[PDB]
Structures are given as structure tokens and as C-alpha cells.
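Colleague: Following this message is one structure expressed as C-alpha cells.
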Amino acid sequence: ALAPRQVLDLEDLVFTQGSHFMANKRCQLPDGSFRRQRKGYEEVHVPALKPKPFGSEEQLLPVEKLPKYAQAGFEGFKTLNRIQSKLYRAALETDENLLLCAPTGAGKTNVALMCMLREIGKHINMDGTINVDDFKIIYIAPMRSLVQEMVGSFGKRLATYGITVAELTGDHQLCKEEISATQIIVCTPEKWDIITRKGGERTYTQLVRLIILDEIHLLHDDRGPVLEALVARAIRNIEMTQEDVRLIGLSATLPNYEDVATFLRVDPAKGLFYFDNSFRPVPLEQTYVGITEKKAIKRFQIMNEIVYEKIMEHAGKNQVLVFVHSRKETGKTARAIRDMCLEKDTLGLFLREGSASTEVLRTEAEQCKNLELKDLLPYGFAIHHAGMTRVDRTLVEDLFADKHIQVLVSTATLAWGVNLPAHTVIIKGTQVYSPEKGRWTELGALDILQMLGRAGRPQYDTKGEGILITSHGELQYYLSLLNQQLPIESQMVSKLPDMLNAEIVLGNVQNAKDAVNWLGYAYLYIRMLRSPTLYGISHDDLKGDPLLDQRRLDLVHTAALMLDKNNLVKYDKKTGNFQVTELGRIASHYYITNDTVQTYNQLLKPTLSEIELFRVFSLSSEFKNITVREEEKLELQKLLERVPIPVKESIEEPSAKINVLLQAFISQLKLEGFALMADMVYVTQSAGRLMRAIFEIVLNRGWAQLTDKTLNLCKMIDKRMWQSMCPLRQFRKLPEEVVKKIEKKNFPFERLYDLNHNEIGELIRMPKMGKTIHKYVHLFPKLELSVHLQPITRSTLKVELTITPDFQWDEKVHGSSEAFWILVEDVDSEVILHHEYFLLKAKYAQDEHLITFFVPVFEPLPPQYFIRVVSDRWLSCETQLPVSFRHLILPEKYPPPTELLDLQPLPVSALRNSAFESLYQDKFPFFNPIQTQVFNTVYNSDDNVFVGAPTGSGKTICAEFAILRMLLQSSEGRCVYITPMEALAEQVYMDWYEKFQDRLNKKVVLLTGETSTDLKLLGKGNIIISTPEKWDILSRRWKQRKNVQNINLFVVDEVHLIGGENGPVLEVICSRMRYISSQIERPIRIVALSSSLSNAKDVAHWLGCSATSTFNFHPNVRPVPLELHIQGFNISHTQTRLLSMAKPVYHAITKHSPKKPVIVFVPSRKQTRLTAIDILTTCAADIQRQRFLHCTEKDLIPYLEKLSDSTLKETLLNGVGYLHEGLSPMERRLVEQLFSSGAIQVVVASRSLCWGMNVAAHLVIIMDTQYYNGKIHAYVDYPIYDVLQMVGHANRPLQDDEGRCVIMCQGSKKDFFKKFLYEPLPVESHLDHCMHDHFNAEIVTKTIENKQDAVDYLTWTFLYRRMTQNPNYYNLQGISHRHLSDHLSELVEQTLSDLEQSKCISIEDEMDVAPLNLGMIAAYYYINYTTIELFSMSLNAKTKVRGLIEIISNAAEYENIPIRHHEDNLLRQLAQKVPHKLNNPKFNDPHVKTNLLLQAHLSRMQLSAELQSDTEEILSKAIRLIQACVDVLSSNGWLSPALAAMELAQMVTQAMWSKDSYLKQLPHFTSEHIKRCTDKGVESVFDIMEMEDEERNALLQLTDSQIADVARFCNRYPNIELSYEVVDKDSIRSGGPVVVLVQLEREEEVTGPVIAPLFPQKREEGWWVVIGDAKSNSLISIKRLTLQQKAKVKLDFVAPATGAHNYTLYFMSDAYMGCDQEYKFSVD
């Protein structure tokens, strides 16, 4: 943005006088303009404009005329006011921005109300009355007093709507997520500015449909620039979000009002309304006395005398109001008349001519209150002031409008605070002290205008007067103001460098060009165009520069330079670009001026003392105009002695006055000198933010001592008490002296915990209070802490911190949460190595919380680190816990990574075979530096090799080398390839089936869920692709199956996943392969590919890899070099942090990859949609709509026609696609295809999909690194494995010379990523935590027969190797060979002791082990051992289909079904809709969930995508569990249960319930069909098999496509016929054997799977032949069989005695209902 720039001096261009500025050259007066020199003073009069008659037809609107829904909240009103009637149509029937200019007190309120009512009327909902959660309305009033006024009266009018209106304004650092539950926020501009600088601000503003600007003429005030920021900000977000927000502005009648209309985007023809003085509520005649000379006391007696004679044209009936500038003067000024109105011949005495108890009886009976009030009450007098008066204040308010109170002098505060208008008002003086300017100045234009808007009572008056006593000198300014003539200007130049910084920090402006555009949104721009001369711009300049391009560029340059000086922004004149600093970020967030930041940055240092920190606060530029006056020096000398902190060298300079002012505020010292009170209020109202700004500065630099000091200083200011004092002071219900009494003792607070109420009451010598003091001591927040540590490397430790609440919760005391800071400090407590925010929600109090983080360490190790957990609110509420390093064993240092040899890139011609080279010749000429260096050893060898390279490097083909070499040596070679993730498996299967079965014609196969059909693939295949649990369940029985033994090559991909969840299964199957290899003496080649590992040696030597053939490369040696940028966001609350990341994401795309492709990973499905729409809408507001679509819309339209997501079509048209799991596998393939072609430039994808994407970008942006766990009610970090994978996608070897990645994370995570991304990952094993299932299977298969075998098995593992390398990780406490053997033994012992207590194995002779029934079936079905433990524990003789689902949903395999956000509510809804209701059902229990999903699937209910996806994962393991249940019920001999369980198998398969009609298995049937079937007689599937074609579909609605599927169903539907016989039925006897032979045969050849469209897995027909005695409920014998065409089934048992035994024979499918035959019979 290089262009000629000129440094301005703002002090030259600024309107110095602020509000008091008059661009008003002249000034004209009305008709009556008489001037009367009573000569101590000039009186200028202007009379009341006659009432303006009703114009062109326009007439008042009786309330019943506006629509029915709006009537409400206008109670007590017969008719609309004239102004309100003029705009009822605009405010109610249109959504147009309005600018309503009217006289003060015109009643602009009810107009804003009609505007609200329109928005409220937009969420009707028929029966349900309001959609209170769907919208929000912000209302900006400009005074704190007015806001409270408004909340109450808007509160009233909208009760009948059930709408919540609440104040937000005040100093209170934002919290309340019940502001998430209020719809009308009422606040001040500066409050709303603070909120909306947050960036995650879009959590509040998300729903804001309408914002209202009361008293918008504040534009002109020194506070004006805040309004200009709000509106500029708001307007600009309307364009970026493209969601419409309505702006209503309400103003007084002042010049420039039409420039304000333009500012607010008001259509002049449609929504501009201006109403001159005619439209006053009550016509006011007005006097403007200015006065002639100095003469202080004389000038005031002048003034005080003026007041009497004016009131006394009102004797009996009339009310008066006087305004003064001091809560002291409410009485003093009413005294100078008390000393006059009655002092000269009791003039006008008896203002209440009820010298007869008319008004006095009600006035004298209310006298018994305090001060000047009881004093002034018995006659018509009263007072109202800002000097805290509370409940009596609200009682001078009723008795005034009840009309007993005659005279009431008051503070400006009342004009704003409550709507009580007098008949006349008089304004004494117009001079006020301003702490910020540090002088007296002329009181604000806003202020006056509100006061005279109180002359005359709307329902009770016909005229009103208004007298304004000011100084004659240069105060015809008030004539101007009060007669529609003082123009409204822009004060934006004053506040320009702070305003700019907030936008830079917000991400709204990244350079000067952006900033110049920003200025175009401000009121300044409009005003400079319209009156350029006034804003220092020559008519010549304007004429050649009509858009003020030179001025805005200059203004911004000048500001940028101030911010750069003060180190708030980094700004280079060259590019015009801006970079935010931390200092600037804090400045913006805490509302500190940039000069103050500089001072802080200059003064703050680790060794700053409390003395010096009180000093630094004093030097804050917000206080730079503060002087020490003479009349106050004595009192400051007095305060200095009573406060605690020494105030050095500073004698009474202003530095020291500010210093002691703060200390006296914390000490709650009383004051007198009102000049000093206004200064104290001004430094304390600020002190909160300034301290907290200093805290955040110092926290983030790591300064431990100063972080402690400042945090306490914050708490002390908030809590108004010293650290010295008693923490019991924080409980406001405790009487003061009771507490000073506990302080009077030299007794530590801590020791109160150990004292009972008696001993307390005793120590205090006030036994009355013993009990309640006790209550409060235990309400004090208190945490217990416990730490667990594990070394990771010699620099980093993983730390699990367990936080245990130990206090009583009272929501009156603690509310809905308590926040804490977790601080990890070094030995000396000088440095914070790590910190983070912990929010203890109330719902989850007294739950244990586990916070996990990593901390650095340095080899000359200290003895201790400390962990402090300090409250963020309560004083003296901390808890420390040392972390000893005395017995810590750091791991063995790692070797360097293998060198990268710059070899001349090997051509494809180095592969010699011509058939082979065709697979690569047409893709590239030369392999990458890793593939070539490796090639030597993997193509030209038969030995074991390990490749370690950053994901993306192209490891896949290194494995190919080996497979090519195998097909070169073997004809029908056998090769197994194992990837950890299933999603990777399918990706490699497509990739290779075409490369190896299409191209090279060898078989290539993919293992599935079923063992028998997989055993075949294992046989015919030359390349077998599999996930670990699949290869495990096969090769477990490697002794039996030969095919496992004769494999030539074994390829493991992503071996680093061994350290991941589900790593065990991989480590196991790998170790087994190595074991099998040494034992079969025909070595198996093992080839492992992995991410860069620090400890690759250990994985190499584990898998038999020499150091010659072990290739482990550093991340920086990646073929396509990566540019990592880690970007932190200090926002603890996740929903907010995600929102504040949205702008940075677009800036990331435009900076790092404007043309080239991008992938954004987001944490979830609905985030994927939201993030894409944002990129789009932001793209369109950047005026570059569709800059991501790199073809033409027509080019895409053939493809998009297929899709069904309306939104995916819309985003794709615009250049952005998204990938979540709710999309058809087709739709996903489309999006990826279009991305790889380059047609679309950006894909947003959910993190669950970083494994199943064969798509690469130029830039990868990870948007947050956390996801919610509904099981522990907390966000948890992405596995570093997922993040490593995501990053690997920023990699296009062919085109890009670089890849780029931007990770956006919470700050607390930042340092974690900086370590473990620029460096190699270390893996450990978690075998020891999953030891059982593998031993139990090894024992079943007699690979382990004794304890020594168990111990030797383990020598083959990775576990075995790492234990000695990092003992402390495994909880080994030494490293000798002895420690190893011990721990190994201790390990096998417990694992076998568990498996035996669990009834799976038998321990005999202490050394020998054997498989038991439970053990054998858990290995057979691959079910966790605790699962069958639970089955046998819970199944009984009487359990039915209902109880069965309950037990099976309790399987451990369902532990991992996750709970996600708001599924807590979703599952509760399911719960009321399913057939079976649960008792004590915990909705964050994965077992309660899989229960409901189980009944949901049976009911055929369709659900949300991630419930359906889970339903599939549940159904995945469903069948193997039921089968276990059969085995266990039969092995116990229970008949009716085992039958019940077989029904469940077939009814989970077909997706129907126990009493569901058998016809529900047939395609396209519904309840409507079945009812019109029982009416005929059709109740069976066989009852439609005998029917012929014409009668068949004559029954109900058919289509040619319906008949097709249905008739094909009945052709796979089992038509079996049975045959049985008792072998030697007559020569059978008691105790003896009985052999039963059952003959099965079907009249149909078997081709096709089991058809079960609702079951996500293709399964084959299993059958159960059973024999039982129904009378006793006895399972006699059973056999499970897959039948094909026909077969002989043999089952025997042992006869009981006495001949006659009646038996039953059962034939049971595990897949269909209605095939179940029964045959009765007898024997003996």
C-alpha cells in the first residue's frame, strides 16, 4: 500500500473543547426574544411555541389499532403520542434503520419499544408464546443511572411477553451465561465497546437482531468516538456475516442530524424523522440568565437570590426542581434559601397551604428517616443526591409524584435516573469539576438537555418554564444548544490511536489500506466531506480528492506511528502493514490508553515491589491531568498516615495523591473534602482494569512474584480489604466487629478449620456467633491437590494434576462457578513455567478433575517445582503442592537422526523391470531424497527395514519396493500389510487393487469382520490389507492355520501409533510375527514405516532391524519443506475461542495461500458447515466474492446435480467444500475430486476425517486442538497423532516448493506444540495396561502354559525395551536388570491373578496355568475378559429379552462409545420414546447410551448422524456378544434364556422387536401395510410364498421395482426342512449315552449374503440346533453350524432314569424371524 504519507499533529486538528465545541457561528432566537437587564445578570427570554395543529390527516393511534400481538406492554395508554403515531408504521411494519430526532422528553422510549415489539413479534411459535432463545436486542443508553432506569421500565412492559431484560453495565468483568438467557441487554456505549473488542464477541452478538442508540447526539461529546467505533464495527459485521441487524438511533433536535442518518445507513425518504420544538411534550417558556462578573460570594448570592423569586410565582399548587453539580449542594443551596425564603418575613411560607395537615399528615408521618430530609420534610421541601442514600431516596420519589413534596433541589443524576418531571425546572450554575481534565469545566451538553426535558408534566401540565443560570461570558452556547442549533460533530480525532488499535487487535484491520477503509465507516468521514473547512481541509484539497483519500491515509499513518512508538503495534512504513503485540492486545482488551502501556512496559520488572507497584499505577496516563489542590493537602497528609504502603520520595506531587487515594479506598477510610471524593471515585472505578491489565502483562512474561502481587492487588481493590485483614471479611453477611474481633487475636485463619463451633465462640469470647462463623469458614473455597508425573524426554515431563474440591457450595456465595489459576513455578518461585485457567463449574463440584500438561526441565535438575492453584476472585485462597524430583529418573538421551544424503535422485530406470516402471514412469521421473536413500536397502535386500519420516514423505511406496521385490522372487507370494486405522486400510486397498490386481494381475484383498470369509481371502491373496484387531483374531491361532506361517513379507505402517490408544493390539501382533519368524527358521521380512521418532533405535532393534537398515529422518529434512506457524489464543472458554479463530482463518488463507489450495480442520460436524459459510461470507464482503472458485459455475453444475445437501451445493458454487461424516461416501468422493482438480480452493473438514482423505493442500490450518468429552464434562486435547497427520497434508511435492501449516490453539497448549512438532515424537507402550486379553488368548492356545512362558512372551515386546529406557514412565523405580525382572514378574503375577479371579484361567502349582470355559469363549469371540466375567455374573435362569439388552449394553467394548456436546439432552428425549424405560439412568454413561440406541435400532428410529454412526459401531460388536451369551447360558444349562438370546440375534439383525409382525422383514412395509394384511389372514412370510403373482401384489401398492427386491428377499429367505432320529432308541438307559441325529437340507442352492438392509454389516446364516426340556427349563445339548446346501449334525448327552422323558428339539436362526422350527419327542 505504498503511497505518499504525511505526518499530522492531531493536537492541531482536534476540537479541544469537546462537547463545548461550537461550530455554531451565529445563533437565532424565536419570536419572544426580550432582554431584561436586572443588572447583576442579563435575562434572555424565549416563549413557548403554540401547540401545532393536526397536519395532513395524520391522527393519534388508539392502542387497539396496532396489531394484536403488540397490544400488550402498552397498558394504561388509551392512545399513542403524536410522535409515536407518526412512526408506528415505520417502527412496526418495516425493518428499516431509523433516525428519530425529537425534543427531549418527547417520549422516544415508546418508539424504541415499538421497534423491539416488531422483533419480538418475529418469534411467535403459535401455542408456545415466544422463542426467547432465538434473538437478542442491545440497547445503548449513555449514563449508568439511565441504564438502571431503563431496565426496570422495559422490564415492566415486557413481562406479559416472558422476556428477560437485564443490566450489564458496571465495572464487573464479564461473566454471566445468564446474559445468554436475557434478550434485552441494556448498557452504556463503553461497556458494549469492551465486550465487542473480545473477538469471541460473536457469542453475544451472534443473536443480536436489533441494536438501539439512545441519545446518539453523544457523538459530539468527548465520549463520541465510542459510538463511532460501535456502529462502524456493527455495520462492518453486517456485511461480513450477511445476517441483517436493524439500527435505531434516537437523538435530540440538533444540526447535522442528517449526517447522522447517513452514518447509521438511514434512508432519508423512509426512516428519517425530525421534530422541531413544536413537538415538546409540554410547551416550555425558557429563561437564560448569564451573569456579569467574578465577585465570587457575590456572584453566588446573586445566583441564590435568583432562585427564590422564581419559585414564588408558584405558591400553593405547582412543583419545582433545581439542579446542582454536587451531592453536598442538595442541602447547601437549599440552605441559602432556607436562610432567605423564611429569613425575610417568612416569604412564601406554607408552600403547602395545607397548614392544616392536608399534605403534612402524609408528609409528617413519613418524616422519621434521616439527615436533611426529616429536617426538610414537614413542609413541601425535599432532596435527591448521588451521595449514597438508598431506601429513603426511593421514598422522596413517590411522595413527589404523589405530589406532596413541593420543592426538590437535586443532582444531575436524577434527570437520568427516574422519570419524574416537575412543572418547572431551574438549573443553577453550569460549572462542574471533571477529574479527568483535573479542572472545573462547563457541564456536558447531554446533561443539560436531559434536565430541561423534565420541565412540564405530560399528563398533569399545559405549560412549563425552564430557567438556566450560567455565566454570561461565551455562554450563548446554551441558547444554541437549547434551540436546535449546536451542530453535532465528530470527536474521532481525539481518540484515534486507541480506536485504531482495537480494530487491529480485533483482526478487522491488518494494514493501512484496511484502516483507511475503516475510517470510511466513521462519522468523521461524513463530517469531513460535508464541512471540510471545519476539519482543517481546504476546498482545493477536497476538489481533487473527494473521497478524502489523502487525509484518511495521513490520519492513519500518524496514529500508526504513535502506536508503534508505544510498542502496541509493529508497523513498517514500507508495506503499510500492522502486526499486533501482546501489549496492544492487552491495551485493547482492558481499555487502557496507549501512553499508559508504554509507561507500564518501561516500569514493570520481575523484582518490582508492592511499594513500587502502587507507584507505577499512579503514573497511568488516565490520571495525567490530576493535580494536588491547596485546600486538600492537609487531608492527604492525614490519609498518608492511616494507609499501609509506604509512598516513597513522592511528597505531594500528583503521583502520591493518586497512590494514597487508592490505598484509602481499599482501607475504606471515610472522607470529607468533596474535591477529593470525586478524584477517588475516578481513580478507583479505573483501578480494576488497570490492575488486571498489569496482571495479564506480567502473567504472560512469566514473572512469578509480580504475578502474585498484582493478582492480589486486583482482589484487594475488588474486595476492598488488605491481605493483612481476615478472609472472613469477604462474606458480606458477617458483622464487622465480629471479624475485627477474630483479627484482634494473633490467630492464623487456617487454624479455624480445625476448631469446632464451641472452640471458635470461645476464642472470640462471643459464643453467640460460634455457629455461623463456622458455617462461613467452610464455605470458603478450598482445593486439595495431588500430582502424578511421567518423564517424556530429558527436557519435558507429563503432569497429571488432580484437583479435588473440599468445601461446601452455596450458590449465594459462589454462584455458578469459581475460577482458579494453575501455576507451575521453579524451585526459587521466580519463573512461571506454565499456567492455565481452571473453571470449577457448580454442576460438577465435588467431582474430581484431572488437568494434564507438560512442563520443561533442565539437566542440572532442581529438587522441586511448585504447583499453586490460586483463586481468581477470593483473597488468601491458594493451595500449593511441591513436586519432588528426588527420585525422578530422566530417560536415556536419544541418538541423532539418520543423515540425509544428498544423493543424485535415482531415476525410475533404476527399477529394472519394465512392467514395474510403468506404475511410476507416468507419475514422476525421480524418487524423493528419502525414497532413493532407502531404495538401495529395501528393493535390493531380503532383510528387515524401518523407515522413519515426517508424514507426507511418501513412505507408502517404500513399502511398495519391498512388495515388488517379493513378486520378483515369488510367483504367488504371500504378503501382509497392516495399517492402524481402518480408513487408511481402504485407501491403500483401492490404491493397490488397481496397481497390483488390475495392472500386475496378482490378487489383492481386504480383511473384514467375518473369520471364515477372511480366512479365504488370507489364502487366495498375494497382498492382504488389514487392521490390527483383524490380523490378531486370525493369527492368534497361528499354530492351527498354515497361511499365517508362510508369509514372505510383513509390512507395518504408522508403527508410531503403537504409543496411541489401541497401540497394544499392534505391538502384540508385531511381536508375535517376530517370534514366529525366529521359530520357523525361514525368516519373515519385516518392514516398518513410521513418523519421525526420537527413539527409533528401540523400535528398530525390537523388530529385528539393524542400524544399517534403520532409517530415521528429522522433520526438517522433509522433501517438501514445511513452514509451521503456531498461533495462540488466550481464551479458556472453548465455544468462544473457536469463534475468535474465524477471522484469523481467513487472514491465514489470504496471507499464506491466496491462490493455492487450503484445508481447514475443525473439531466437529456443525463447525465444518459454520467455518465454510464464514470463509464465504467474509470472501464476499472482501468484495472478492467467489475468489476460491477456479472454474465457471456451469462447469460444476453437472456434478452438483447429484448432491443432496442444499448447503454443500451453495458453498461449492462459491469455491468452498466441506467434509463431515454426515455426508454420503459419494458426496465425500465428489468434494475431494473437485478439490484435487483445483476447481475449488478450500475444504473445511472435521478431524475424524484426517485419516480418510487422499487430498493434499498447499496450506493446512488446524482450527483448535480440543474436543469435548461428555463422559468427563471437559474438553480434551487432540492426540498428537491426529495433529501430526493433519500437518502431513500440507504437501504437494509436484507443484509447491513449500507447504504451510497454521495451528490455532489455546495459549496454554502453545509450548506443547512448539516442542513436539519441530522435533521427533517419542513413543512408549501401553501394553502393561491392556495385558489381560492377550495372555488369556495365549493361554487358550497353549502358547503360555506357565508363569515362565508369560515372562518370556514379554521379552518379545516393545514394552520390554522401553521399561529400562524410561522406567519412571512405567512406574519402575530403578533400571538394573533386577528391577526389570522384578517388575515383569510383578506384572505377570497380577495379570494372571486377575484372569483367575475372573474365572478365565486356573493357577496350579503357582507356576502352571490352564484355560477355563469363560476364558475359552472370550478368546473365541474376541471379547474383553471382564465382559464375559460380567455376563456370567449377571445372566440367570430367568432373564428374558428385556434383561438381555441391558446386560449386553453393559459390555466393556461399549465403554468407548463417546458422549459429545448436548447429547445429554438428546438422549433424555430418546429415553421417553423407546419401549423400555430405564431407572437411575446416567446420560453421560456410554452404557445408558448404547442401551437406548439398541432399542432405537429395534424400533427402526432414525437419528442424528453421529448417533447413527455410533449405532453402527455398537451393532459392529453386537453379534459376537449375543453369541457369547448363548455359550454362557448353555454352559449353565438354562433353556428359556438361551432361546431368548437367539431371538435377540435375529431381531437385532432384521431390526424389529419381540412382538413386531413377522412381515416387517420384507422391503418397504409399514404399519399401513400390515393392518391391511391381518384383515385378510396374512401373518407370515410363508403366507405370501404360496400366493401367486396376481393376487400377490393385488393386496396393496406395488411398483415394478418393489416386486424386484421383495421377491429376491424370499429367495434367500431360508426354506429348510428338518429330519431327526434317536440312534438305537430302545437300547438306551440311565447314565448311558443318547445320540441324536438331525438332518438339514434346503430345496434351493445357496448364493447371496443374509439380506439385512438395516444391519450395516454383510453377514451369513448361522443356525442353532438345540435340545431341551421345557418343563424344567433345561438345556440338554446344542451345536452351532453354518449349513450351505446340506449337512449331518450330531449331538449327544447322558440319559437320566425311569424311561419316560419328554424332550424338545429347536432349530434357531441367528439372522431371520419365522424360520424357527420345533419338534417334540420322547426316549427310553
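Letters A, B, ... mark the chains of the C-alpha cells in the order given; residue numbers begin at 1 per chain; ligand numbers begin at 1, in order shown.
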Determine which residues of region 1185-1311 of chain A receive a DSSP assignment of strand (DSSP E), computed from the backbone, and state them as a PyMOL selection string.

Modeller: chain A and resi 1216-1219+1242-1246+1259-1263+1266-1269+1274-1277+1299-1306

Colleague: Would you export the selected residues with C-alpha atoms as a PDB file, in the first residue's frame, please?

Modeller:
ATOM      1  CA  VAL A1216     -15.517 -23.901  -0.688  1.00  0.00           C
ATOM      2  CA  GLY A1217     -16.394 -27.523   0.042  1.00  0.00           C
ATOM      3  CA  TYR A1218     -16.768 -29.281   3.370  1.00  0.00           C
ATOM      4  CA  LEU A1219     -16.208 -32.845   4.642  1.00  0.00           C
ATOM      5  CA  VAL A1242     -10.665 -24.660   0.176  1.00  0.00           C
ATOM      6  CA  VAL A1243     -12.034 -27.706   2.071  1.00  0.00           C
ATOM      7  CA  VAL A1244     -13.165 -27.468   5.664  1.00  0.00           C
ATOM      8  CA  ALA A1245     -13.079 -30.994   7.181  1.00  0.00           C
ATOM      9  CA  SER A1246     -13.873 -32.478  10.629  1.00  0.00           C
ATOM     10  CA  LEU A1259      -1.715 -24.768   3.335  1.00  0.00           C
ATOM     11  CA  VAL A1260      -3.240 -26.671   6.258  1.00  0.00           C
ATOM     12  CA  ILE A1261      -4.997 -24.780   9.047  1.00  0.00           C
ATOM     13  CA  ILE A1262      -5.898 -26.660  12.215  1.00  0.00           C
ATOM     14  CA  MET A1263      -8.639 -24.688  13.924  1.00  0.00           C
ATOM     15  CA  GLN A1266      -9.526 -29.811  21.551  1.00  0.00           C
ATOM     16  CA  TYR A1267     -12.785 -31.721  21.639  1.00  0.00           C
ATOM     17  CA  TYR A1268     -15.474 -32.209  24.245  1.00  0.00           C
ATOM     18  CA  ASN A1269     -15.786 -35.356  26.291  1.00  0.00           C
ATOM     19  CA  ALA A1274     -14.498 -31.403  29.722  1.00  0.00           C
ATOM     20  CA  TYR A1275     -12.566 -30.544  26.577  1.00  0.00           C
ATOM     21  CA  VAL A1276      -9.571 -32.772  25.931  1.00  0.00           C
ATOM     22  CA  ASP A1277      -6.629 -32.328  23.577  1.00  0.00           C
ATOM     23  CA  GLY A1299       3.922 -26.378   2.384  1.00  0.00           C
ATOM     24  CA  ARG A1300       2.468 -24.232   5.074  1.00  0.00           C
ATOM     25  CA  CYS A1301       0.676 -25.006   8.259  1.00  0.00           C
ATOM     26  CA  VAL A1302      -1.071 -22.795  10.777  1.00  0.00           C
ATOM     27  CA  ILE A1303      -2.098 -24.347  14.074  1.00  0.00           C
ATOM     28  CA  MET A1304      -4.504 -22.313  16.194  1.00  0.00           C
ATOM     29  CA  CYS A1305      -4.638 -23.404  19.854  1.00  0.00           C
ATOM     30  CA  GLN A1306      -5.291 -22.228  23.370  1.00  0.00           C
TER      31      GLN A1306
END

Colleague: Which residues come within 10 Å of residue 1059 (chain A), counting only C-alpha atoms, excluding same-chain residues fewer than 4 positions away, as number ranges by chain?

Modeller: A: 1055, 1063-1064, 1066-1067, 1281, 1321-1327

Colleague: I'd like the interatomic distance between CA of residue 869 (chain A) and CA of residue 177 (chain A), to a tenth of an Å.

Modeller: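 Computed distance, CA of residue 869 (chain A) to CA of residue 177 (chain A), equals 24.2 Å.
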
Colleague: Fewer than 3 positions away in the same chain doesn't count, so skip those; otherwise give me all residues within 7 Å of region 79-95 of chain A, counting only C-alpha atoms, as a PyMOL selection string.

Modeller: chain A and resi 60-63+111+114-115+118+246+271

Colleague: Quick one: write out the picked residues with N, CA and C atoms as a PDB file, in the first residue's frame?

Modeller:
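File part_24.pdb, as written:
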ATOM      1  N   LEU A  60     -53.826  10.614  15.944  1.00  0.00           N
ATOM      2  CA  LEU A  60     -53.429   9.724  17.046  1.00  0.00           C
ATOM      3  C   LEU A  60     -53.932   8.300  16.856  1.00  0.00           C
ATOM      4  N   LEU A  61     -53.167   7.338  17.358  1.00  0.00           N
ATOM      5  CA  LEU A  61     -53.496   5.939  17.135  1.00  0.00           C
ATOM      6  C   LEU A  61     -53.892   5.239  18.428  1.00  0.00           C
ATOM      7  N   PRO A  62     -55.212   5.086  18.656  1.00  0.00           N
ATOM      8  CA  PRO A  62     -55.711   4.334  19.808  1.00  0.00           C
ATOM      9  C   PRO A  62     -55.094   2.954  19.798  1.00  0.00           C
ATOM     10  N   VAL A  63     -54.702   2.495  20.978  1.00  0.00           N
ATOM     11  CA  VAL A  63     -53.886   1.293  21.124  1.00  0.00           C
ATOM     12  C   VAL A  63     -54.440   0.034  20.423  1.00  0.00           C
ATOM     13  N   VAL A 111     -41.067   4.621  21.144  1.00  0.00           N
ATOM     14  CA  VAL A 111     -40.777   4.360  19.748  1.00  0.00           C
ATOM     15  C   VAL A 111     -39.804   3.189  19.677  1.00  0.00           C
ATOM     16  N   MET A 114     -41.727   0.080  20.276  1.00  0.00           N
ATOM     17  CA  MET A 114     -42.403  -0.475  19.094  1.00  0.00           C
ATOM     18  C   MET A 114     -41.420  -1.181  18.165  1.00  0.00           C
ATOM     19  N   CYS A 115     -40.190  -0.684  18.107  1.00  0.00           N
ATOM     20  CA  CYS A 115     -39.155  -1.329  17.305  1.00  0.00           C
ATOM     21  C   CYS A 115     -38.792  -2.696  17.889  1.00  0.00           C
ATOM     22  N   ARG A 118     -41.520  -5.260  17.250  1.00  0.00           N
ATOM     23  CA  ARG A 118     -41.512  -5.880  15.937  1.00  0.00           C
ATOM     24  C   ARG A 118     -40.639  -7.116  15.952  1.00  0.00           C
ATOM     25  N   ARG A 246     -30.941  -4.481  12.569  1.00  0.00           N
ATOM     26  CA  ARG A 246     -31.618  -3.187  12.493  1.00  0.00           C
ATOM     27  C   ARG A 246     -31.064  -2.154  13.481  1.00  0.00           C
ATOM     28  N   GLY A 271     -36.854   6.374   6.683  1.00  0.00           N
ATOM     29  CA  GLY A 271     -36.682   6.346   8.127  1.00  0.00           C
ATOM     30  C   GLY A 271     -35.935   7.475   8.818  1.00  0.00           C
TER      31      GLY A 271
END

Colleague: For region 542-551 of chain A, list every protein, DNA or RNA residue within 9 Å, evaluated using only C-alpha atoms, and leave out those in the same chain fewer than 2 positions away; present the list as number ranges by chain.

Modeller: A: 4-6, 516, 520, 525, 528-529, 532, 537-540, 553-556

Colleague: As number ranges by chain, please: the residues near residue 506 (chain A) (cut-off 10 Å, only C-alpha atoms, same-chain neighbours under 4 positions excluded).

Modeller: A: 196-201, 233, 500-502, 510, 580, 585, 588-589, 1140, 1143-1144

Colleague: Pick out the residues sitting within 7 Å of residue 1693 (chain A), and hand them over as a list in words; count only C-alpha atoms, and ignore anything fewer than 4 positions along from it in its own chain.

Modeller: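 Surrounding residues, per the criterion: residues 1633, 1634, 1635, 1676 and 1677 of chain A.
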
Colleague: Please provide as a PyMOL selection string all residues within 12 Å of residue 433 (chain A), with the sequence filter that same-chain residues fewer than 4 positions apart are discarded (counting only C-alpha atoms).

Modeller: chain A and resi 324-326+437-444+626+674-679+682

Colleague: Kindly export the residues of the current selection with C-alpha atoms, as a compact mmCIF listing (two decimals), in the first residue's frame.

Modeller:
# COMPACT_ATOMS: atom_id res chain seq x y z
CA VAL A 324 -26.87 21.43 41.20
CA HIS A 325 -23.47 19.92 40.46
CA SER A 326 -22.71 18.40 43.92
CA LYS A 437 -9.42 17.14 32.93
CA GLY A 438 -8.42 17.89 36.51
CA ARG A 439 -10.26 21.21 36.45
CA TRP A 440 -13.69 22.76 36.50
CA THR A 441 -15.29 22.93 33.06
CA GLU A 442 -18.69 23.68 31.50
CA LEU A 443 -21.06 20.77 32.13
CA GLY A 444 -21.90 18.42 29.29
CA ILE A 626 -4.74 15.17 38.21
CA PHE A 674 -15.63 16.67 48.15
CA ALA A 675 -12.88 17.69 45.64
CA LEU A 676 -11.03 14.62 46.89
CA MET A 677 -14.04 12.28 46.70
CA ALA A 678 -14.63 12.94 43.02
CA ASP A 679 -10.97 12.14 42.43
CA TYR A 682 -12.40 8.42 39.31

Colleague: For the atom pair CA of residue 178 (chain A) and CA of residue 165 (chain A), what is the interatomic distance in Å to one decimal place?

Modeller: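 Calculated distance between CA of residue 178 (chain A) and CA of residue 165 (chain A) is 10.8 Å.
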
Colleague: What separation in Å, quoted to one decimal, exists between CA of residue 112 (chain A) and CA of residue 248 (chain A)?

Modeller: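 CA of residue 248 (chain A) lies 7.3 Å from CA of residue 112 (chain A).
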
Colleague: I need the helix (DSSP H, G or I) residues of region 198-323 of chain A per DSSP on the backbone, written as a ChimeraX atom specification.

Modeller: /A:200-203,216-219,224-241,257-263,268-271,277-279,296-311

Colleague: Find, counting only C-alpha atoms, the residue in A:152, A:891, A:636, A:1209 that gets nearest to residue 1197 (chain A).

Modeller: A:1209
